[PDB]
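> This structure is in structure tokens; I'll ask about it shortly.
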Amino acid sequence: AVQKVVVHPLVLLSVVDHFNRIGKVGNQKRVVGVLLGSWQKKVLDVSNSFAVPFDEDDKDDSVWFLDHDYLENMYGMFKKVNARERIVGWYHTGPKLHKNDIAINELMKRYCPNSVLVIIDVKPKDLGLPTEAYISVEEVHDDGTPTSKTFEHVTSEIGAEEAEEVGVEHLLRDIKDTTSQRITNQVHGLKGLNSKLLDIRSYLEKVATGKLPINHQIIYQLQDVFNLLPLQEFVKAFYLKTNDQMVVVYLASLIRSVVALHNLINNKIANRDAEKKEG
Amino acid sequence: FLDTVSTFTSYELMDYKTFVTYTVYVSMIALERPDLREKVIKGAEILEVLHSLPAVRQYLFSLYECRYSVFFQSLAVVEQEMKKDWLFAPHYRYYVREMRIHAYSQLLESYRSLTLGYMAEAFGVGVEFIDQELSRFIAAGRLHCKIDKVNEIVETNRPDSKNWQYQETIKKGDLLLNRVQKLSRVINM
Amino acid sequence: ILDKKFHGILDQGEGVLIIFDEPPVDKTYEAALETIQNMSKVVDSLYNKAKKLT
Amino acid sequence: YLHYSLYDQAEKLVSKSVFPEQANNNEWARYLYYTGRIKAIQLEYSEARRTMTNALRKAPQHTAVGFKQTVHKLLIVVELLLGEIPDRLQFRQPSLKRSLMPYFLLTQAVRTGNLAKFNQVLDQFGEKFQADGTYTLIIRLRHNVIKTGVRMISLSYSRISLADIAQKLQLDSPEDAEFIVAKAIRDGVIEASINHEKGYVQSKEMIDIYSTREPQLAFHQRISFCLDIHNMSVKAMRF
Amino acid sequence: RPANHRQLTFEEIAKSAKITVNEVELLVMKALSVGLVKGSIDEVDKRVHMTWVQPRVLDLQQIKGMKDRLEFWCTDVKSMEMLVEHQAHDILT
Amino acid sequence: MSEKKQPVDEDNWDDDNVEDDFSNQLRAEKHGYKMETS
Amino acid sequence: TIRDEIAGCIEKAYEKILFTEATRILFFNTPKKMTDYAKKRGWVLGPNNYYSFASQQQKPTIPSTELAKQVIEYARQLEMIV
């Protein structure tokens, strides 16, 4: 159970350079390596990790190579450097998954009692946030079959544990403190919209060719949180918002008339000064 | 005249009782109910002397409990008095009807589902009296309230923080806005 | 009621009193009075203007 | 076209090209005054009184002795024709007093509802009314007296009777009071209807009309006007 | 009924729920104990008010024909996003 | 300026506007005589 | 211009009239012309009775989103200027 970890972009850059590695050394495609971390709480830090030299056979994804001299042995040399960021999990590239992820994470489960695998992004093209984490889960079914371990979306976010932007900031050379709202608006809208499009296409598949998860466990309660407001007749909220906009336009009117007077007085003062007292 | 500790008796004070007269003929208007009790009631310094003129004093006493019958009795009284008193001849017209409207203000402010007839008793026989009176008073643009003849209404209304406390905003930020506008027009044309 | 000891409306046409008071509006009072003072200040500045003009 | 007969104001109605930089800053003021007298004599209350108001507040100074005064006597004739005017005395030059000896009693006849005085001010001062030379005032000033009555009393009482106001203003019959109330609904001041059996008005005032979204309708014009003057001060800061 | 009038009268309740007027109150206070619906039921009009509920199990025909809400949402909040942005278009800046 | 055709042409003074507004209401006994009318 | 101004001003904001107020304000006690009024303006000839309609005003609910578009061009005009 983890709500967030420190996704420190330094380990991001490590991932990126070793993806460059797996791309330049040959044709090993799926970047997979070991995630290291220090369990402080349900919250955690991911700033140090590494890729393990591993290969996945085309068929039988349950093919992997985790050298003890490149992990267990390295761990001891890394133990003298910093014992905090312990063996905590691992990661894989490739958008959806392969078949081995579960077996890999359960092999490494001995190292970390809550071991993680992370679908890592090698091409930042997302609408929102990159790679996310998935811890060991026991979530089989109402059927309750032999416990499946397909690691659920163990939410987290991009933790910047420390600034260290002495160089990081020194890299951006692009942005300011955006005093931007429109950017947020277009992003939010289009993202909700394309998400809903993915939704409707998925559900048309469900009706057409979708499996038993057609309404698996929450998709109906998905529609229930949609059913939060199931024209929604917000007439209570309509006159509510009427008084709200009384407040809004009182704000607008008073404040912006103040703004008017404000610039008016002294801008005109300086204007007339430099205008007629110049000649 | 808030001194009351420095105008005991002087070659300028024609009569300290007349000092009290001039004082009350401005304090039953300046002094709102808090200031009323502050200066008249609380300020018992003038009381040790205004003990000599109890007519308007008891008028002021009713001026707290709002006893409109004796209000009108002493109202007629003080009306004649000002009618026969210096430096008021061409102006005393308002003071009395002002006392009228001001008292009616609070009286209606009591509550709404009320009648002038229930107060016509306090008005004396004041149905037609206050009919024309308050007709011309609201016509004088006074005392936002509601009253009828076939219904005989009373009202408590006129909250400033309904629109006026927000209307002054433009009332002035347009008056002065265009003031400075034309003022800042001839700066160039 | 006249002295803020009570805040509400009584009745004789219905004989039913009702209590109410919700005065405080820091927005209106505060901002409006500040703007009034701003108007006074602009009135002040008007004479600096009329002077530096002529 | 003002001093002589009045035929070619349709020329301004078809060829309204009257908008320069408004350079001389008093030429435009008195220009709006003259065309306010035009719309006053065509027919207008609202637009004419607002351009009279704009020329009034666009009086340049008082550095020229008593020249606002006669022209202001003819300026607020339309405000007299409103009926909602008090005595106008804050304008009064004391050298204008001997010429407004008619005009002071005329605005007193605006404040009074007397009929014999409404025609006795005319019978007393028709020559100065010809010095004005505007019949438009007296052709509607009786109607202004009855509209002053209807505004006052219809703002006063919720369910008045037409007989009370009628035989309070000497109407003597129900049916012309009905035509008064009907042409007042047609002129749109108050809701007041008739409990139709023999008249006997059943009516109401109007509070709880609206007070929140309706100000912020006009606040668009408030602050859009403010930002117009912002950009005008910007284009004036350019100088 | 997806529609409003969520201040429903007690009438359909007392007709089709085989319950009486004196027992609709128990019918929904026992449901407050249940906890799937928590209405703010009117009692001056006796109306059984509808708040949030626990909806269904499966409506596969409405899992297919939820497009009139889902694609409704998608293209209409998208279009009105385009309209807000299209009225504030050239302050892209 | 007056460059137009127009070149052709508090004791109680403060209370005077109200006075002419008071010029229509019982200017200054029938108020008090109404007491004994009923 | 008496009669078509009666067609306007017969119930502008009235409660109701009857046969006798038609006989007073109108004239010519009953032709097919006041019957033509009752069958020409969209009128309910009530039982010796008159009404403009069943509600007289055609019953006069969103003041929000149009002023939201106003806020769009309003903030837009406050933009591009300083």
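In the structure tokens, chains take the letters A, B, ... in the order shown, each chain's residues start at 1, and ligands count up from 1 in the order shown.
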Applying 7 Å and only C-alpha atoms, which residues near residue 43 of chain G remain after dropping the ones on its own chain fewer than 5 positions away? List them as a ChimeraX atom specification.

/G:38,52-53

> Compile the contact shell of residue 24 of chain F as a PDB file with C-alpha atoms, in the first residue's frame: residues with an atom at most 12 Å away, counting only C-alpha atoms, same-chain residues fewer than 4 positions apart removed.


```pdb
ATOM      1  CA  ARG B  93     -40.411  74.327   9.385  1.00  0.00           C
ATOM      2  CA  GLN B 132     -51.500  62.996   3.770  1.00  0.00           C
ATOM      3  CA  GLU B 133     -48.468  63.307   6.056  1.00  0.00           C
ATOM      4  CA  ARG B 136     -46.102  63.767   1.122  1.00  0.00           C
ATOM      5  CA  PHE B 137     -43.208  62.417   3.205  1.00  0.00           C
ATOM      6  CA  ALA B 139     -43.192  62.019  -1.731  1.00  0.00           C
ATOM      7  CA  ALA B 140     -40.478  63.982   0.024  1.00  0.00           C
TER       8      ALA B 140
ATOM      9  CA  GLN D 108     -43.131  75.966  -8.287  1.00  0.00           C
ATOM     10  CA  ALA D 109     -46.099  75.117 -10.542  1.00  0.00           C
ATOM     11  CA  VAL D 110     -44.246  71.892 -11.335  1.00  0.00           C
ATOM     12  CA  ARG D 111     -44.048  71.090  -7.626  1.00  0.00           C
ATOM     13  CA  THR D 112     -47.732  72.035  -7.139  1.00  0.00           C
ATOM     14  CA  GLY D 113     -50.652  70.047  -8.507  1.00  0.00           C
ATOM     15  CA  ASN D 114     -53.052  73.002  -8.770  1.00  0.00           C
TER      16      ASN D 114
ATOM     17  CA  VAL F  18     -36.981  72.340   1.765  1.00  0.00           C
ATOM     18  CA  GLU F  19     -39.155  75.375   2.528  1.00  0.00           C
ATOM     19  CA  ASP F  20     -40.476  75.398  -1.025  1.00  0.00           C
ATOM     20  CA  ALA F  28     -47.323  76.107  10.005  1.00  0.00           C
TER      21      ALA F  28
END
```

> Pull out every residue of chain E that has at least one atom within 8 Å of chain G, counting only C-alpha atoms, and report them as a PDB file with N, CA and C atoms, in the first residue's frame.


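Output contents, as saved in iface.pdb:
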```pdb
ATOM      1  N   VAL E  84     -15.366  27.998 -25.258  1.00  0.00           N
ATOM      2  CA  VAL E  84     -14.728  28.898 -24.298  1.00  0.00           C
ATOM      3  C   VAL E  84     -13.373  29.348 -24.826  1.00  0.00           C
ATOM      4  N   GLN E  87     -13.919  31.678 -27.906  1.00  0.00           N
ATOM      5  CA  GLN E  87     -14.244  33.049 -27.560  1.00  0.00           C
ATOM      6  C   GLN E  87     -13.068  33.758 -26.911  1.00  0.00           C
ATOM      7  N   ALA E  88     -12.214  33.025 -26.199  1.00  0.00           N
ATOM      8  CA  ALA E  88     -10.934  33.555 -25.733  1.00  0.00           C
ATOM      9  C   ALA E  88      -9.786  33.064 -26.609  1.00  0.00           C
ATOM     10  N   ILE E  91      -6.303  35.532 -27.393  1.00  0.00           N
ATOM     11  CA  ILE E  91      -5.505  35.974 -26.259  1.00  0.00           C
ATOM     12  C   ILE E  91      -4.639  34.784 -25.880  1.00  0.00           C
TER      13      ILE E  91
END
```

> Per residue of chain A within 8 Å of chain C, record the nearest atom pair and its distance in Å to one decimal, counting only C-alpha atoms, with rows in chain order and ascending residue number, as a tab-separated table.


```
residue	atom	partner	partner_atom	distance
A:254	CA	C:31	CA	7.2
A:258	CA	C:35	CA	7.0
A:265	CA	C:42	CA	6.9
A:269	CA	C:49	CA	6.7
A:272	CA	C:53	CA	7.4
A:273	CA	C:52	CA	7.1
A:276	CA	C:53	CA	7.2
A:277	CA	C:52	CA	7.8
```

> Using backbone DSSP assignments, extract all helix (DSSP H, G or I) residues from segment 6-51 of chain E; output them as a list in words.

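DSSP on the backbone gives helix (DSSP H, G or I) at residues 11, 12, 13, 14, 15, 16, 21, 22, 23, 24, 25, 26, 27, 28, 29, 30, 31, 32, 33 and 34 of chain E.
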
> Considering only strand (DSSP E) as DSSP defines it on the backbone, what residues of chain C qualify? List them as JSON, numbers by chain.

{"C": [8, 9, 18, 19]}

> Which polymer residues have any atom within 12 Å of an atom of segment 3-15 of chain F, counting only C-alpha atoms, with same-chain residues fewer than 3 positions away left out, as an MDAnalysis selection string?

(chainID B and resid 87:95) or (chainID D and resid 3 26:27 29:31 33:34 60 63:74 89:90 93 95:96 98:100 131) or (chainID F and resid 18:23)
